[PDB]
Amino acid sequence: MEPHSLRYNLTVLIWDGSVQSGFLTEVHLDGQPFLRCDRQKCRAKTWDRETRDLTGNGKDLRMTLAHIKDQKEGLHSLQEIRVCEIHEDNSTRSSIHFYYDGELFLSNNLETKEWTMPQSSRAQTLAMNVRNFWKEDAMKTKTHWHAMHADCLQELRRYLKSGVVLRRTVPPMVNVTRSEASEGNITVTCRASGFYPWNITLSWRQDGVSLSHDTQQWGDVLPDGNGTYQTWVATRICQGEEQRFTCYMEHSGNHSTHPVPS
């Protein structure tokens, strides 16, 4: 598999210099929506453990927004984005990111465990207000961050263990078809459908020799809109060469060959 992730995406809003009572955290698991939390309750897009933690994080972010200077008239947003991953090697990543009016200005991850800001003049200035905010608080040690990292990963592990995340492959269904029968030639399209995960290889082959990307025509990979994807590739051949053309597919470590049906 590609890695198991968990993301918290917390947003607080200021209108004409005043921090709004409300905030929203949207939890996503392996990319998929999982929780939405307002000030009051967490709901599945019982959740006490999540409501307790995520409400706290919310309040803590209303204050940090307050310590930002020159809050220009109107609406601005501050977000705290936390993503940890557990890979197939059981190695782990974690990142904390702060975004003001949706632009990064500050980033902590587990490999450096140092804060690092962009070059953007506005960024350096926003990071300033916020790190000077964290300096003052006698109770914001390097541990506070090393704990936020550890927390993310403990939750992700809790969610894995209790089978909230399913890591099931769906191998594609394949149909080949004849089409655009015109001027003694025909189009042969090989469609792959219903499949997860996304990555897939799908080419036409004349006599086991795979065809140049320029001699074929490729569908995009579209969401089927039930969690899965679909795609296709076609090529133009002379009528009665159809028994020398096969569609080759690699997916979820199957390899398979589909010929032009008669």
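For every residue, the number given is its place in the sequence shown, counted from 1.
Unmodelled deposited residues between residue 69 and residue 70: none, per the record. Once the C-alpha B-factors are averaged per stretch, 234-242 and 7-15 rank with 234-242 first. Per-stretch averaging of Cα B factors for 169-177 and 116-124 places 116-124 on top.
Comparing the C-alpha B-factors of 26, 220, 60, 48 in the entry, the top value falls on 48. The top Cα temperature factor in the record, among 139, 104, 153, 96, falls on 139. Sort the modelled residues of the chain by CA B factor and residue 208 lands in the middle third. Per-chain ranking of the deposited C-alpha B factor places residue 225 in the highest third. Per the PDB record, residue ranking by Cα B-factor puts residue 55 in the lowest third of the chain. Ranked by C-alpha B-factor against the other modelled residues of its chain, residue 35 falls in the middle third. Among all modelled residues in this chain, the alpha-carbon of residue 162 has a temperature factor (C-alpha) in the highest third.
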